[PDB]
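Derivation of every value follows stated rules applied to the coordinates shown; laboratory data play no part. With ideal geometry, Cβ positions are generated from the backbone for all residues, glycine too; neighbour counts draw on all protein chains shown.
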Amino acid sequence: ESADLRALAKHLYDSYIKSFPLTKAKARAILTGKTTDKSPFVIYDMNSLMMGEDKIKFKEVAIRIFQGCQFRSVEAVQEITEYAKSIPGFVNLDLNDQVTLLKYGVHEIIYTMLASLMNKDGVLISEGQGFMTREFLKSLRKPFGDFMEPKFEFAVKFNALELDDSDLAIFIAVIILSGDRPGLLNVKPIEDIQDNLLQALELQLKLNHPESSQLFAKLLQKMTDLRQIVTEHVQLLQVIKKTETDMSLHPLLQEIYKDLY
Amino acid sequence: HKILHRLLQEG
Ligand SMILES: CCc1cc(F)c2ccccc2c1CNC(=O)c1c(OC)cc(O)c2c1OC1=CC(O)=C(C(C)=O)C(=O)[C@]12C
């Protein structure tokens, strides 16, 4: 039934709104300057970073920035976890499988949602209270600079798809419920949940993007691309805490990356 | 993965 598929899409969207403070709609309302509340503080260099410390936080710089990305990711993992628990059937899955789905899915989701806060010139940080330029981040000394850039590279391509929060809510759910993650114990229940979410995504895209028949197929490929994107991320990261003495990694992040073959 | 475990069970 198509009616139930729309009810599901709406349920996911509502849960998405409850789990993620800054939505793509609100992000772009700020990015384009259509909002009335205080625009974000722009950080484009060492000097500006220093000045905006109080407006974003409630080689020491490159490391300082890296640390910021770590704290945001930790927060993001928790927000995504709350979202996952709202997907029908998820909390009833074997608990270790839930852990596995999150372990291999969080970073792909982080990349996806990160795009919502980015444009070609920069990224919104601190719930939209700050804006750090892409060129400033890309200029960070090795190997940090090449750690930031790929996220923008992906975002530019992904945002060309013009998905909205309603599209994204289902897209993210589909990714989390991937029955082929390494080490899953009970595959079938996960595959059945995903099959239904995929049908929900297909209908959502057909109705919401009537003039772009290729969208569903492209998102499926994007899901495959995200895995390759995440592997490269994990590598470049394991070389930082491998070539930077002064580099501590948050426990939660160490857990996710550990044994992430 | 006890941390992910804990987050999955709270709330
Ligand atoms: C999800 C985390 C992530 C992972 C990536 F791989 C990214 C690649 C490119 C751009 C943003 C990326 C992000 C998002 N980054 C941020 O949100 C992000 C950022 O950005 C530099 C720079 C930055 O300075 C900060 C960021 O978020 C922060 C939370 C904190 O607790 C900080 C404290 C207290 O020190 C910070 O420093 C903040 C304010």
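Computed 3J(HN,Hα) for the range A:219-236, one whole-Hz value per residue from the Karplus formula 6.51 cos²θ - 1.76 cosθ + 1.60 where θ = phi - 60°, is 5, 5, 5, 4, 5, 6, 4, 4, 5, 5, 5, 5, 4, 4, 5, 4, 5, 4, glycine and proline marked x. Averaged over the residues of A:95-105, the number of partner chain Cβ atoms lying within 10 Å of the residue Cβ comes to 3.
Sequence-ordered 3J(HN,Hα) estimates for the range A:96-102 from the Karplus curve with 6.51, -1.76 and 1.60 and θ = phi - 60° stand at 5, 6, 4, 4, 5, 4, 5 Hz, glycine and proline given as x.
Placing a pseudo-label 7 Å from each Cα along the Cα-to-Cβ vector at A:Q67 and A:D246 gives an inter-label distance of 0.9 nm. Computed from the C-beta positions of A:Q199 and A:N96, the FRET efficiency with R₀ = 22 Å rounds to 0.20. Put in order of Cβ neighbour count within 10 Å, fewest first, the listed residues A:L12, A:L198 become A:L198, A:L12. Exceedance of the 25 Å cut-off in Cα-Cα distance is limited, within the set A:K10/A:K57; A:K85/A:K157; A:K38/A:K120; A:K34/A:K206; A:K38/A:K241, to A:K10/A:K57; A:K85/A:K157; A:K34/A:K206; A:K38/A:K241.
Restricting the calculation to Cα atoms, chain A shows an Rg/Rh of 0.96 when the hydrodynamic-style radius is the Kirkwood one.
Close amide-amide hydrogen proximity is noted between A:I43 and A:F131, A:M132, A:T133, each under 5 Å apart and 5 or more residues distant or on a separate chain (H modeled in the peptide plane; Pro and chain starts excluded).
Rounded to the nearest Hz, the phi-derived 3J(HN,Hα) couplings of the range A:76-86 under the Karplus curve 6.51 cos²θ - 1.76 cosθ + 1.60 (θ = phi - 60°) are 4, 4, 5, 5, 5, 4, 4, 5, 3, 5, 8, where x marks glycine and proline. What nm distance separates the two modelled labels at A:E1 and A:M51, each placed 7 Å from Cα along Cα→Cβ? Using points 7 Å along Cα→Cβ, the separation is 5.9 nm.
Look at the stretch A:251-261: the mean tally of other chain Cβ atoms within 10 Å of its residues' Cβ atoms is 2. Computed packing ranks the peptides A:110-118, A:235-243 as A:110-118, A:235-243, most packed first, by mean other Cβ atoms within 10 Å.
Residues A:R28, A:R72, A:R141, arranged from fewest to most other Cβ atoms within 10 angstrom of their Cβ, appear as A:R141, A:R72, A:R28. The simple spin-label model puts a point 7 Å past each Cα toward its Cβ; for A:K59 and A:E232 those points are separated by 1.9 nm.
Shielding of peptide A:77-90 by partners, expressed as the average count of other chain Cβ atoms within 10 Å per residue Cβ, is 2. The protection proxy used here, the mean number of other Cβ atoms lying within 10 Å of each residue, ranks peptides A:184-191, A:1-8, A:120-127 as follows, highest first: A:120-127, A:184-191, A:1-8. By the rule of a C-alpha distance below 19 Å, with chain neighbours fewer than 8 residues away ignored, the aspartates and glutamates paired with A:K218 are A:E108, A:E153, A:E162, A:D164, A:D165, A:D167, A:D195, A:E202. Using 1/(1 + (r/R0)^6) with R0 = 30 angstrom and r between the beta carbons of A:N159 and A:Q78, what's the FRET efficiency to the nearest 0.05? Approximately 0.75, to the nearest 0.05. Seen from all sides and averaged, what is the projected area of the convex hull of the Cα atoms in the range A:1-146, in nm²? That works out to 11.1 nm².
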